[PDB]
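> so I pulled this structure from the PDB, and the sequence comes with it:
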Amino acid sequence: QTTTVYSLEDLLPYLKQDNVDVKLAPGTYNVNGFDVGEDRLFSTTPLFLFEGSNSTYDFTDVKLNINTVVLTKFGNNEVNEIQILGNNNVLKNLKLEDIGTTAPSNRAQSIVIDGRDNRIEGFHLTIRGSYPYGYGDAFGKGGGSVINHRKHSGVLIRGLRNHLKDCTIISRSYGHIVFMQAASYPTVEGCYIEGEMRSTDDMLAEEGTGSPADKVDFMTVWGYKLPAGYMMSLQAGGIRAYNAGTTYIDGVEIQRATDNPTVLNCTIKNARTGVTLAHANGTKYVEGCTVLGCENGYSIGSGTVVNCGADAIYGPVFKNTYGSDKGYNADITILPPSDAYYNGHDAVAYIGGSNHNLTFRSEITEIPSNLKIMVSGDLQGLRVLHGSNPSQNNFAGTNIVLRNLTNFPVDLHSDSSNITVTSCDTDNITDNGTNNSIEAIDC
């Protein structure tokens, strides 16, 4: 009972209907500035507002090119390209590309998933257009920013039991790539998520150019001049959950934290973090993932990370977020480097909180001398120097199992206690903590 349409104009009325089975015919469809206006294709934002329920939309072999100037055609208002408000919808196989790099007038998201039991599968999304682009979050990601931002993020998962499956999300925009706000039981599965990087040294080389960073003398939002020797993503989170947000289900506005997120078989490359779910409540579960060249690998706060890998070229593979982290169980492989090392954090892992069970595995034999597993201590992390983000650094670790099946050294700080360490080698383990146990393992 599939209805096939051959233009965006004939597609739009179906987005208001329940129980439809619609296919946009293979082809290339362009959305330009002249398509936005009262008498034009798109009079309102979101451009594609899926209000119906129990519908299926087939975008196989559809290329949708959206000119980034459309992000400025709705005044000082947020522009979403796609938003799902209905329930039990399936959208599949769309290839969506932002054309050009024009920044939104306010902010933008490519896709916002509200409602319940929706699935977006097989999408290929290229995100462009944001301001400032080139600094990551160094000069602001919220209010009071050093440089005023106009962010543009990829997929915002909200609602209930919403599902992003087998998608490719490429971001060249300052914003999250995939993030969750007020989402209950979201699932991200089989996705490839990719940003790009820039060194802080390259940013500092803007001295004397009159760039926005040069005009503030490179003073970051963290309270200090941008330090040399770090590799930053130009994006925010690869997959990042919020402890806040607004969603809509069945007409009901809901403000709540993300809860019960699941991330399965995802690859995240060159983002600010691979998988960060520490701010979500409920059960956090991450399995089968690969994090490459991110500033941080896995930070879920509490729950399970199993059969996951990350390299350590730009940041630690593992970070406890706060000293209140409790019950973080993790089995992480430190992968061979995906590119040259540029890790100014001087750690492959930062461990704290209590009652964790942590296994690290690696076949790396060539260990850079600045890389160690830290239990407590003063992490030289880009965003936590000099008292910045104080709850995220310099906290105690107690009652933690640490199985170090790697050649990386371990430093147990004086704030660590009751750490049960097993390790391939114990000669490179420094123990300044209280009542820690260190035992050797064979190979």
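All right, it came through fine. Numbers count the residues shown, from 1 in each chain.

> just give me the neighbour total for residue 147.
Residue 147 has 16 neighbours, counted by other Cβ atoms under 10 Å. Backbone N, C-alpha and C define where each C-beta goes, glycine included.

> nearest spatial neighbour of it, skipping sequence neighbours?
residue 139 (3.9 Å; Cβ to Cβ, 6 or more residues apart in numbering).

> okay, that neighbour and residue 227: tell me how far apart.
14 Å (Cβ to Cβ, to the nearest Å).

> for residue 400, same thing?
From residue 400 to residue 227 the distance is 29 Å (Cβ to Cβ).

> who has more neighbours out of those two?
residue 400 (25 against 18).

> what about the more buried one, distance to residue 349?
11 Å.

> shared neighbours, the two?
Contact criterion Cβ atoms under 8 Å, 6 or more residues apart in numbering; residues shared by residue 400 and residue 349: residue 358.

> which residues of the stretch 51-200 of the chain fall in helices?
200-204 (DSSP state H, counting those that start in this stretch).

> swap that for the stretch 201-350 of the chain, please
212-215.

> and the strands in it?
231-233, 237-241, 246-249, 252-255, 262-264, 267-269, 273-276, 285-287, 290-292, 298-299, 303-310, 318-319, 328-334, 349-351 (DSSP state E, counting those that start in this stretch).

> can I get these in a markdown table with distance to residue 366 and mean neighbour count?
Shown next, in a markdown table, are those (distance: least, Cβ to Cβ, whole Å; neighbours: other Cβ atoms under 10 Å):
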| stretch | distance to residue 366 | mean neighbour count |
| --- | --- | --- |
| strand 231-233 | 19 | 26 |
| strand 237-241 | 26 | 30 |
| strand 246-249 | 47 | 18 |
| strand 252-255 | 49 | 11 |
| strand 262-264 | 30 | 21 |
| strand 267-269 | 21 | 23 |
| strand 273-276 | 22 | 29 |
| strand 285-287 | 27 | 19 |
| strand 290-292 | 18 | 24 |
| strand 298-299 | 23 | 26 |
| strand 303-310 | 17 | 21 |
| strand 318-319 | 20 | 26 |
| strand 328-334 | 12 | 22 |
| strand 349-351 | 18 | 29 |
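
> compare these and give me the one nearest residue 18.
strand 246-249 (15.5 Å; Cβ to Cβ).

> how about residues contacting the closest one?
85, 87, 114-116, 158-160, 181-183, 253-256.

> coming back round to it: quick check: phi and psi at the residue nearest to residue 147.
phi -120, psi 20 (degrees, to the nearest 10).

> how far away is it from residue 202?
15 Å.

> neighbour count winner among those two?
Comparing residue 139 with residue 202 by other Cβ under 10 Å, the one with more neighbours is residue 139, at 22 against 13.

> touching, that one and residue 214? I think so.
No. Using Cβ atoms under 8 Å, residue 139 is not in contact with residue 214, being 11.3 Å away.

> so who does residue 428 touch?
By Cβ under 8 Å, 6+ apart, residue 428 lies in contact with 409, 410.

> for it, what are phi and psi?
Backbone torsions for residue 428, taken as degrees, to the nearest 10, come to phi -110, psi 30.

> cool, residue 278 as well?
Dihedral pair for residue 278: phi -60, psi -30, per degrees, to the nearest 10.

> what's near enough to touch it?
Residue 278 is in contact with 241, 299, 300, 301, 302, 321, 322, 325, counting by Cβ under 8 Å, 6+ apart.

> now with 7 Å, please.
Contacts of residue 278 were listed using Cβ atoms under 7 Å, 6 or more residues apart in numbering, and they are 299, 300, 301, 321.

> next one: the first one from residue 192, what distance?
Yep, that's residue 299 we're talking about. 20 Å.

> next: residue 16.
Residue 16 is 32 Å from residue 192, by Cβ to Cβ.

> quick one: which of the two has more around it?
residue 192 (15 against 12).

> surely the more buried one touches residue 267?
Yes. With contact defined as Cβ atoms under 7 Å, residue 192 reaches residue 267; the gap is 5.0 Å.

> need the contact list for the closest residue to residue 327 other than its chain neighbours.
Using Cβ to Cβ, 6+ apart and skipping the chain neighbours, the partner closest in space to residue 327 is residue 302 (4.5 Å). By Cβ under 7 Å, 6+ apart, residue 302 lies in contact with 284, 325, 326, 327, 328.

> and the contacts of residue 278 as TSV, adding distance to residue 411?
Listed next are those as TSV, based on distance: Cβ to Cβ, whole Å:
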residue	distance to residue 411
299	19
300	23
301	22
321	19
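
> which of those residues sits closest to residue 94?
Closest to residue 94 out of those is residue 300 (29.8 Å), distances taken as Cβ to Cβ.

> how many neighbouring residues does that closest one have?
Residue 300 sits with 26 neighbouring residues when counted by other Cβ under 10 Å.

> what do you get for residue 378?
13.

> with adjacent residues omitted, what lies nearest to it?
The shortest distance from residue 378 to any non-neighbouring residue, by Cβ to Cβ, 6+ apart, is to residue 394 (5.5 Å).

> how about residue 303?
Per Cβ to Cβ, 6+ apart, closest to residue 303 is residue 284, 3.2 Å.

> tell me where the stretch 1-150 of the chain has strands.
Counting by DSSP E, counting those that start in this stretch, the strands of the stretch 1-150 of the chain are 3-5, 21-24, 27-31, 48-50, 56-58, 62-67, 79-84, 90-92, 95-99, 108-113, 119-121, 124-128.

> and residue 435, how far from residue 156?
From residue 435 across to residue 156, the span is 45 Å (Cβ to Cβ).

> more neighbours: which of the two?
residue 156 (24 against 10).

> isn't that one up against residue 114?
No. Applying Cβ under 7 Å, one finds residue 156 not in contact with residue 114, separated by 9.0 Å.

> before we move on, the earlier item: now the contacts of strand 246-249: which count as buried?
85, 87, 114-116, 158-160, 181-183, 254, 256 (16 or more other Cβ atoms under 10 Å).
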